[PDB]
Amino acid sequence: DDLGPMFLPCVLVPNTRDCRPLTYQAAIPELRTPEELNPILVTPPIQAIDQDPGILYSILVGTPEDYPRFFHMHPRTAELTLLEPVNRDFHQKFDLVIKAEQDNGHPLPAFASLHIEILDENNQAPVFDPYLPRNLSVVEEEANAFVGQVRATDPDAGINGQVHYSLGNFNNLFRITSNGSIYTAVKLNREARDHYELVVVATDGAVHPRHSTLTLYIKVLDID
Ligand SMILES: [Ca+2]
Ligand SMILES: [K+]
Ligand code: NA
């Protein structure tokens, strides 16, 4: 008797001869174009094979219901195409059911799920507080001495608005904490060097991060 297709990979549910059902995965940034994004990468790659003729792939049903305005699945290659840029204010995700059927003979179809996440655009870079003191004094011959503190904010929502601090230079002489506090990492020496132009970097938590930088002028003071 004819057997139908199965989606890959087929990992058997233990103490059965049944494949565990698959949920394929994709993620698409909102507002980007078809031309930029196509073909959409699916993980793992969509594939079905005859358990024993040809194979036809389709999207059977899905939600939200206007998915056919946004996606096309090639019937022979399973390649997934975006048709229009998605706006995350209208769609945060799509959940699709896909099917594979035998071309010659009874369809004996297999089914899988396909989840497509829509990623929020990271519209803005962090913005340092404009009235921060940037001329900073610190005494020599002191390690772990507090130098000063910066702050930046980011308008975007979620991870896209969460600010992280790092130094752009002199990473052997200073350090910065998650709240923007800068300390010496070693004992400085005025006689050796009395001035540093230190770069602080503010980065957001986005998949595609944005960054800003601030210059601080550090003066090393005599112990007296
Ligand atoms: Ca941002
Ligand atoms: K958005
Ligand atoms: Na078959």
Side-chain angles (χ1 to χ4, degrees), residues 1-10 12 17-19 21-22 26-37 40 46-58 60 63-64 66-67 69-71 75-78 82-95 98-112 115-130 132 150-168 176-180 199-214:
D1 205 10
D2 199 355
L3 290 192
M6 64 180 172
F7 276 106
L8 299 180
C10 170
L12 288 187
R17 318 305 301 175
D18 305 314
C19 300
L22 287 165
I28 278 166
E30 66 159 332
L31 300 177
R32 312 304 291 305
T33 65
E35 154 85 21
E36 290 167 308
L37 297 181
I40 305 302
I46 303 177
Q47 292 285 276
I49 57 170
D50 189 0
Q51 290 169 84
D52 304 300
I55 281 162
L56 294 165
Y57 296 103
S58 58
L60 169 67
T63 191
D66 57 346
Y67 69 87
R69 168 179 169 194
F70 292 95
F71 301 99
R76 292 299 188 179
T77 66
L82 185 73
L83 304 182
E84 174 183 338
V86 180
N87 182 333
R88 195 175 186 283
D89 300 324
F90 291 72
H91 306 90
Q92 291 188 3
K93 56 177 142 74
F94 294 81
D95 284 297
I98 65 163
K99 166 161 86 159
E101 75 198 299
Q102 274 193 137
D103 190 20
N104 313 332
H106 306 316
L108 322 170
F111 300 92
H115 177 76
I116 307 175
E117 175 185 15
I118 310 301
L119 301 172
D120 205 19
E121 176 172 73
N122 179 29
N123 201 258
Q124 295 299 325
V127 170
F128 280 93
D129 157 27
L132 290 170
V150 299
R151 172 175 198 264
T153 64
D154 189 312
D156 301 330
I159 60 169
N160 291 0
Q162 286 168 22
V163 179
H164 307 254
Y165 298 105
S166 67
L167 302 176
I176 191 157
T177 61
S178 61
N179 74 3
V199 176
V200 181
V201 186
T203 306
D204 57 23
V207 168
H208 293 282
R210 287 174 184 273
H211 310 275
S212 63
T213 65
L214 189 72

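Atoms within each ligand, like the ligands themselves, are counted from 1 in listed order. Starting from 1, each residue takes its place in the sequence as its number. What you see below is based on every heavy atom in this structure, not just the backbone, and it leaves out hydrogens, waters and symmetry mates.
Using modelled atom types, one side-chain atom of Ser212 and one backbone atom of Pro126 make a donor-acceptor pair closer than 3.5 Å. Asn160 contributes a side-chain N or O that, together with a main-chain N or O of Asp120, makes up a donor-acceptor pair within less than 3.5 Å. Between the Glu101 side chain and the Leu56 main chain, no donor and acceptor come within less than 3.5 Å of each other. Judged purely by atom type and a 3.5 angstrom limit, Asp129 has no side-chain atom pairing as donor or acceptor with the backbone of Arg151. A distance-only check finds a donor-acceptor pair linking the side chain of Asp156 to the backbone of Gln124 [under 3.5 Å].
Counting only protein atoms, the N, O or S atoms lying less than 3.4 Å from the K ion (ligand 2) are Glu30 OE2, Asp120 OD1, ordered by chain and residue number. The distance cut-off of 3.0 Å around the Na ion (ligand 3) captures these protein N, O or S atoms, sorted by chain and number: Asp2 OD1, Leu3 O, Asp50 OD1, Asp50 OD2, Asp52 OD2, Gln102 OE1.
For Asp204, the N, O or S atom closest to the Ca ion (ligand 1) goes by the atom name OD2. Its N, O or S atom nearest to the Ca ion (ligand 1) is what matters here, and for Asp154 that atom is OD2.
Our summary of the site lists the angle at the Ca ion (ligand 1) between OD1 of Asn122 and OD2 of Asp156 as 70°, to the nearest 10 degrees.
Judged purely by distance below 3.5 Å, without hydrogens or angles, the side chains of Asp204 and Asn122 pair a donor atom with an acceptor atom. Residues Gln102 and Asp2 have side chains that bring a donor and an acceptor to within less than 3.5 angstrom of each other.
Using a 4.0 Å cut-off between charged side-chain N and carboxylate O, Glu84 and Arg69 make a salt bridge.
Between the Ca ion (ligand 1) and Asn123 there is no N/O/S contact shorter than 3.0 Å.
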* **Working for side-chain hydrogen bond (donor to acceptor under 3.5 Å, both in side chains), residues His211 and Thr203** => CA-CA 4 Å; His211 310 275; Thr203 306; 3.0 Å; yes
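In this structure, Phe70 and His91 have perpendicular ring planes: the angle between them is above 60°, well past the 30° mark. By the 30° and 60° cut-offs, the orientation of the rings of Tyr57 relative to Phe7 is tilted.
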